[PDB]
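Read through the structure below, which is laid out as structure tokens, and then see the notes.
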Amino acid sequence: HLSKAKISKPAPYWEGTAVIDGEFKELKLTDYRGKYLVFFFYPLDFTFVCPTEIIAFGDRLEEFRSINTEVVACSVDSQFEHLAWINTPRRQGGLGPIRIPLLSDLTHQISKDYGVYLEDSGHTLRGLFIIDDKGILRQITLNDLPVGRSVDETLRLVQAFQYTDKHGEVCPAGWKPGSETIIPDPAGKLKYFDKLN
Amino acid sequence: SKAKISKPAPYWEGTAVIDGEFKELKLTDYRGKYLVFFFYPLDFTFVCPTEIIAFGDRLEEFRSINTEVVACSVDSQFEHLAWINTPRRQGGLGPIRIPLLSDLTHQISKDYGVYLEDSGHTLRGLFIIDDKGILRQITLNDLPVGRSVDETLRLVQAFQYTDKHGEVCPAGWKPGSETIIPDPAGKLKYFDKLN
Amino acid sequence: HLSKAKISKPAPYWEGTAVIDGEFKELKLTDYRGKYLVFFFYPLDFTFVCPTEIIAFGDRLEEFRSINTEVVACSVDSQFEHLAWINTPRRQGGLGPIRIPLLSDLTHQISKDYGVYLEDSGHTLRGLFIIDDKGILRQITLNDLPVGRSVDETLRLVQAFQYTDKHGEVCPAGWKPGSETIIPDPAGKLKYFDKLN
Amino acid sequence: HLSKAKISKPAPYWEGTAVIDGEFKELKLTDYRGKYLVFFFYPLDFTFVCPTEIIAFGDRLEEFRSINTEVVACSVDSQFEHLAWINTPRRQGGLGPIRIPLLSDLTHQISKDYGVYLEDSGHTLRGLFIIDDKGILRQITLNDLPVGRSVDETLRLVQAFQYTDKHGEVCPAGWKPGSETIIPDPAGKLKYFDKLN
Amino acid sequence: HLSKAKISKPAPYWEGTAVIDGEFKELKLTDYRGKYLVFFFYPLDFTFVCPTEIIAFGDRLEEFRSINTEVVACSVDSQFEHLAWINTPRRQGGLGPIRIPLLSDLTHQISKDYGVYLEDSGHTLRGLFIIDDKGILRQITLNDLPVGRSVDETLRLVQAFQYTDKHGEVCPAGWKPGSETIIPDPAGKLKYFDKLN
Amino acid sequence: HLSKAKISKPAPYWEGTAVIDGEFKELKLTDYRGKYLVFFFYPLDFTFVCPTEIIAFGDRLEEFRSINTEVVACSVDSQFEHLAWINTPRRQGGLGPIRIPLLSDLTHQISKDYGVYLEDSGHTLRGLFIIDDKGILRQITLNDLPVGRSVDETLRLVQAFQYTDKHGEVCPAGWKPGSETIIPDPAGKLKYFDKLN
Amino acid sequence: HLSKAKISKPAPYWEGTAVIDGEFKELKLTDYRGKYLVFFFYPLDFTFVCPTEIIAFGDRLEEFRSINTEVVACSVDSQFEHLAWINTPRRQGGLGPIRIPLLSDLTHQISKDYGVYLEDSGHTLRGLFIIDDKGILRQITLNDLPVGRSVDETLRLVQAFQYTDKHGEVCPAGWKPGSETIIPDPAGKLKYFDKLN
Amino acid sequence: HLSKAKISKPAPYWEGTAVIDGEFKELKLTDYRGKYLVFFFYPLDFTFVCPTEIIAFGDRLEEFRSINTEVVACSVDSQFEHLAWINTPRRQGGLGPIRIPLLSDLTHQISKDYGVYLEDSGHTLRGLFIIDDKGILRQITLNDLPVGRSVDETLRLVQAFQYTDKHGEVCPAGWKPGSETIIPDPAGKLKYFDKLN
Amino acid sequence: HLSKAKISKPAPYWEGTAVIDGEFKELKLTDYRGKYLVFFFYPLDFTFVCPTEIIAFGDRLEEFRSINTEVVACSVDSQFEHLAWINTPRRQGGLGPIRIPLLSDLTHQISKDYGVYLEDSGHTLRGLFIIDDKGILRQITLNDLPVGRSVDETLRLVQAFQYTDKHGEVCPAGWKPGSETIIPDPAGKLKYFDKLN
Amino acid sequence: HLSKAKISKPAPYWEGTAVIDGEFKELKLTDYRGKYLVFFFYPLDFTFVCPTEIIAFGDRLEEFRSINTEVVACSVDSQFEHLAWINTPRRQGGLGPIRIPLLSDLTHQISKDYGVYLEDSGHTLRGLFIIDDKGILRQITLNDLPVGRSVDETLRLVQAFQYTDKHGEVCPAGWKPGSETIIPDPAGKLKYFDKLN
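Protein chains in written order, with the entry's author numbering: chain C, 38 to 234; chain G, 40 to 234; chain F, 38 to 234; chain D, 38 to 234; chain J, 38 to 234; chain E, 38 to 234; chain B, 38 to 234; chain H, 38 to 234; chain I, 38 to 234; chain A, 38 to 234.
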């Protein structure tokens, strides 16, 4: 199993046609430099878990934008299908109007670069990538088809990475804003471990 | 990496510390149960003990849903045991009920695609493996940020639910939430009701 | 530039999920043995020329069925997209109910086997294949994207191939049922050439 | 199966000896730049369907020339055979005098570049190619041996490609001059679809 | 430069369609076992030297058949062309009725096996082969395009090979029936050399 | 089976030690530019047919020199053997004095370049080559071991190639000086074919 | 990945993180140029023979430093483990404070370069290397796991190499300071051999 | 740099001619099964350090034999040289009285198998191997040319391996008979570390 | 430089046509089993040193036959040349009276197998091989072209090999029948060395 | 079986340590430029035929030096062994003082370059090489182990090669100074052959 997506390395470059505010526009990974990016793939337009994930992120977009973070979704469907899906009512399993870009990957090049393409199925699994403001890949979350991801966990992870970027302390298991962190040194670590126990 | 979602999780075997003793442990020992199998970078470091303890102190939440937990690093079994015998207040683990698997040769780490060639240890990679030995979920964190027991629980529960019912789990699903019939007509029960 | 589609050789085997009467069904090339098959690819669901070709064949399907000929359409879109497109009114560029199976080629395997896949675009061009009842490929028609195919011409070709299969004769340029044909030998041919000259 | 002939790419260059106005002349693909070109192969001089196709295009040549289009025929026969066939009466299965060039491909190089050469037979199948004024290949039509092509369909295609070149609307299935066309975008397309339905 | 034609070895096998007494028939090299065969290639039907060679052998065929020798001619032209050429009057550069089979080699496989195919021209040079009753190649005569072969020389050679096949002795330069031969032995050869000197 | 001797291409270059008027001299193919060259191989000094061929050419040398043509013979024997053979009386199967250079090819390099070397025997067959004044190979005549070549035919051929070189008409089967030739043109050729028939 | 450690060649370069007086420091082989270096690997922190070796050298360090020799130990454990082991009481199988750098080789690159890595075990055997002030490898001692090395023998060897470096006389079996040495010359050697015997 | 000698694996098989009690005898590694073997190479007969090593081990052979251990020495010299050297008095740099076999390795096969051959010099460095009674290699000691090995250290090592083989406790740095050993268990080890500290 | 002739191995097999008692016969290396064979190549019939060598060995053949040894000579010349050279008087540089076989190696296979072929010259150097009664090659003597070999040295060598075959003592430099020989053992050799000194 | 030693080509370069006048010196083939060199290998110091060969040349050395010819001997033994052997009395099979350099070839490189190395034995056979003053190899003499070479024959060959270098003449079988020689040309040779016969 291959992939160019490697944590602590620059996220693999991508560019393509996206639907943005109902129109076709060219979108590039580099458009997002200077901001964190939640870049996630979903299997297929007009299916089941997928709309719920796209809608979940879209409807909570301000929780990301308020922390200098953007969100882009991608699938192997065409831009025409993305737009048709946006124009399908939510009650019919459509997206309705959406504020996050829907990127099209008809050739599968982007999916393969990110290691999320399913050769037997001709679409991706549920792969989500957290990329920092410097374009470095920090986190990879891959789900099998029948189980959707979590916006809340994605937010926690974004906050965690921004926190450690800024402060140089590290984040324990389950860390959320306000939680105790650790000075990553054999002596400094004791402040955390003695206070906790 | 041999770790591919929807395929058999790559076989592994090695020496682990279990109840303070050295024991040979094999992936196939867990068939019939879900397994949360996770790597952590290094004994005697910082985020790592918090992760092992977080899972360890909540182990019964897993065992009660037919799920086991195993942790692995490139450290030796002697180091694992010394770390267990180090007080939590000193950044140690204290007694622990989760097996600590040793991967000195790096073979297991490489098979799971979590080995860092530049560093000589793993990143924070967690794998959810079902009772049939099929890999269902991969979570990989860069070094500075720990994983989440809450999210791991949610995922195991979701996969067990979808295994049983064949309905699929929306974004953010937790026990008691609405699920979807994966059928062009059936799905409307979910989409219509929600909206 | 490669392909497995060779005229006078067995048409490359295919199988996949198709929409048939609003339901997802597995469909195989071999299901059509015993009958002529018009098997055509079109670029993309929810686009422009494509629906007009599918509707043109669909609305004239009995002209094919009455001559022991079936019609199957294929694209790189998913079965869910095919069904959503069927459920889109014709006035909005949808298909409406359709009696031609719509085959899904998400992996691009079928398209590549037939040599109609566009690597730069992630979809096929307008490729149509006429396959006889023995499974042998008899005719290949490839159009660039902007120009739709012709049901009249396709029908004429099916009739011609069926006619030459049955009789010891070959069909001159522009032949339609009822037109003069030629006996393919140095002496027999003169009955044709003397007649019309 | 291999070939250099790819739709939307430059038609493979060719050059050779042709019979033109009863004389041997060198002829090149690039001689037709600035005009559309119907370039077609036929199996064999002194056979059956072939003369009918050559005669059909030749006798209707003005229908092509009046729309800035030329026609060239090609086979694996020699220029001496082409000329002897021209000097054979139509009632004997000859061509009689002819106004389209008859290109010779004795080495099979041109046939192979166009993917129409039959290795087991030592001649071509019925392959026809429509090449635009910029030298780009737009259309490929390949028939098995028993069935002749259609001058009328060939004209329809040339007209359609010239129309879409000029207007940037696209041509529905069965389009002929005077027919409705489609604006190729998600909103503009509704002019066509709402009107027709 | 490659070839399978090797003197003193079995002549390379061939089989194909020939025109024989106005009909198309399958012909094989092995059809001629038990007789000497003069098997010759000529460049092109409807050309200049070629018919003179075919006619020269043809009109003297009984001089070959009276010494148990058959003659076969072959070119890269089709059987249809061979027949049309036969049906062309000699005064127009045709063959008229011919008793020598005309083999067709459209694929060029026979020509290439015999090493006489011109890659730059798409036809053969003037290559003649003398094959004995055991199928062993005994003589190869290859002429550039402008110069015809000789029936007299070909007859001399066939007679010489038959003579040496039958008797112990070998044939000096210029040998014709009735000429002195040589005993191929350091002592025996002296009968010849002493006599002539 | 390979070779560098290709008709209508430059004869393969050779150089070596020859016996010329009883002396050892270095000789080169290029020494013969500006003249036709009959270059011939023979199997073995002190054998049977070989001396008859060398003598047949040598004794009629002036018939070649009067038409600007030279003759060179070659074998795999040494120059020392050539000279000893020259010094052997004709009545003993020797050559006697001779004005044709005898070229030595001990390494077999020249023989292999001309495709006349017999791997099983360690000497050449009877291969004769006609090379024109421009160094282009025009004719190849290869005989099996038991049958000698013809000086008359070789002369006829040289005369023919020289004629066609000069006049650009072509020589029919059996042409000799004074015979009718053909203008190589579909119209021009009728002067010959009408006259003859 | 072959061993690069060759006696009489430059010791393979290494660099890494070491614990030195309780702190993490980058350490390089080249930091030791100008002095002899005893560079030794041990299997595993927190085991059995290993601490006894580190302590044996550690406690006798001045015996090395007084002969201008440094000592460095290395294993496949991390710097964090080295530090934790140093902070473990000797009574519990720990090191206590230590004046020898503990080098970490987590990636195994160094161990493999020195040929001491055990592929089946994931750690080194007991390999000790003596490297001179010019960086040349002079001595290799490899022990299987259950048997510890000797500080006495190590000292003896360092002294012998320094003696022979200085004087160019060579050191007999069992040499210690004050022992007889040999002039490496066929005549000079007799001073040793005669005195001894 | 390669070798077949690997600690904890079977020592590479060897066999060859040795001088034993003044006579040439074939000797095999397998002759020593059931006993420990100190197998050592030395550079060259008639040199300097080498005789002192052979003499040192030989003169102390009973200290090995009384612990079920044999000693064999090997160099790239011939058996004839070994014997002449034995017949040379010690005062002349010869071996004089001797009881250990001197194995000859003229082809360098054995030296290369053991990884002690010096390609630049044509002889071996000072490599010593300790092989157990099961034929497993336990210890490797390699010295550069100017410095001899130690009989006392070799004895210490043989005794240590025999002790660990027997008792399953392990030997600390500098162990000698009578010294403290360690139980290789995280609990059992404490008996040693608490006692010593 | 390559060859199959290796001292102490079976001499490479050969077979071919030889001149024996003025007749052509097939001859094989194995015809000589049970006898020693002096097998030698010479460059070229009708040259200079070569006849003196053939004559020298031949005229003294009884000195070989009376010690169970035969002699065979070989060159790259033909059997016809060998015979012609035999029939040439010695006073003219011929062989005249002869009793040793002259082997022919036209293909150079035998010469190449024995490593005596000169690729630049097309003949052998002066190579002589002494092969024993068991067919094992014992001695190789290779001379550059200008210098002849010695019958007396060859006899000395044949006698030496037979003596050592029979007695198992070895022959000192310059040994001839009746000379002292050596017992090849460190003690036995002293009989020779003490006596002679 | 390969080698770099080719007659008529530059002798393969060598350099190494030799014993000269009882001392070790580096010696190079190029050191002998301007003089003939007899360069010979012998199997083993302290053996049987070998000393007799070294002594036989050594005791007649002035017969070589007086004709500008040097002698060098070489074996796979060390320089230390050579010197020890020199210091062994002749009556004990030693060399005693010697004026011929004894070259050491411990690595076997020189022996392999000259094709005299025995892979199965780890030493050379008895190979002798005569190298002229320009460094060209002129003669190779290879003996199996049990039979020594000849100083008489070696001197004869050196004399002959020197003679043929100086004069335009070649040396018959068995030539010694004062013997008749041949002028190597077809006419001049007769002066030798007529006189002898």
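Note that the Cβ used here is the ideal one computed from N, Cα and C, for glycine as well.
7 Å Cβ cutoff, residue i in contact with chain A
i	result
I/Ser-45	yes
Nonlocal neighbours in the same chain, by C-beta distance under 8 Å from residue i, ignoring five residues either side
i	result
E/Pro-214	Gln-196 and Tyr-200
B/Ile-91	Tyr-79, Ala-110, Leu-132, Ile-135, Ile-137 and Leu-139
Rounded Cβ spacing between residue i and residue j (contact assumed at less than 8 Å)
i	j	result
B/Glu-60	G/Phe-83	Contact flag wrong, Cβ pair sits at about 15 Å.
H/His-38	B/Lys-171	At roughly 20 Å, the Cβ-Cβ gap does not stay under 8 Å, so H/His-38 and B/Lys-171 are not in contact.
With 16 other Cβ atoms within 10 Å as the buried cut-off, status of residue i
i	result
E/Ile-44	buried
E/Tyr-50	exposed
E/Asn-234	exposed
Contact with chain J by residue i, beta-carbon distance below 7 Å
i	result
D/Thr-144	yes
D/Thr-84	yes
D/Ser-112	no
Any C-beta of chain F under 7 Å from that of residue i
i	result
D/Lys-149	no
Within-7 Å CB hit, residue i to chain B
i	result
G/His-160	yes
G/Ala-121	yes
H/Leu-132	no
Cβ neighbours of residue i in the same chain (closer than 7 Å, five flanking residues each side left out)
i	result
C/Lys-226	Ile-219 and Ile-220
D/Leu-98	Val-108, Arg-136 and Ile-137
D/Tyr-69	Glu-107
Beta carbon proximity, residue i to chain G, threshold 7 Å
i	result
C/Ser-187	yes
C/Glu-118	no
Closer than 7 Å to chain D by CB, residue i
i	result
F/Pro-221	yes
is_contact[residue i, chain I] using C-beta, thresh 7 Å
i	result
A/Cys-87	no
Length-filtered (3 minimum) beta strand (DSSP E) runs lying within the region 75 to 112 of chain A = Taking 3 residues as the minimum length, the beta strand (DSSP E) runs contained wholly in the region 75 to 112 of chain A are 106 to 112, in order along the chain.
Please list the segments of the beta strand (DSSP E) lying wholly inside the region 123 to 149 of chain B, counting only runs of 3 or more residues, in order along the chain.
-> Along the length of the region 123 to 149 of chain B, whole beta strand (DSSP E) runs at least 3 residues long occupy 139 to 141, reported in chain order.
Ranges of the alpha helix (DSSP H) found wholly within the region 151 to 223 of chain H, counting only runs of at least 4 | As far as the region 151 to 223 of chain H is concerned, its whole alpha helix (DSSP H) runs of at least 4 residues are 188 to 204.
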